[PDB]
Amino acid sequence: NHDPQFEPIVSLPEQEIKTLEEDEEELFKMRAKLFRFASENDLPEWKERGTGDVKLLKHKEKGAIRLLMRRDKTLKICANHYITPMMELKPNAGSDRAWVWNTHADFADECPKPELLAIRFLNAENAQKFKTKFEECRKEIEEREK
């Protein structure tokens, strides 16, 4: 119909939703497609995880830096884990606009899970602008630990 009319099922008050991203920093921000890796499928395939703006965040208070991605439209978190010492970007065999990596614990689904990701950017040089910032961000963390 033009605009179907229904009388509301509930009454929900306006609300201010925080991001828990306020004590941020946001070193890096660039959109890209993120991938998940097969898992327990015995069939090593790359399953899409999301397409949106990737962000690198360091904590003003503490030091901790994490990766946080949100999908377009839905805004659901498709990647949210800390950057550890033993981590880095390794080109995806073919193509250089993408890098893979391991995370002992991702929290995109608000449940600690071992994710083996891989992100791809529009232009190969954007990947460098990412890896560079990702590396000098992984460095800022090894320097941390003793």
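Position 1 is the first residue in the sequence shown; the rest follow in order.
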item	value
Per the entry, higher mean C-alpha B factor between 35 to 43 and 74 to 82	35 to 43
Stretch with the greater mean C-alpha B-factor as recorded in the entry, comparing 62 to 70 against 85 to 93	85 to 93
Third of chain Cα B-factors occupied by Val10	middle
Entry-reported Cα temperature factor of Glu135, expressed as the chain third it lands in	middle
Lowest, middle or highest third - CA B-factor, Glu25	highest
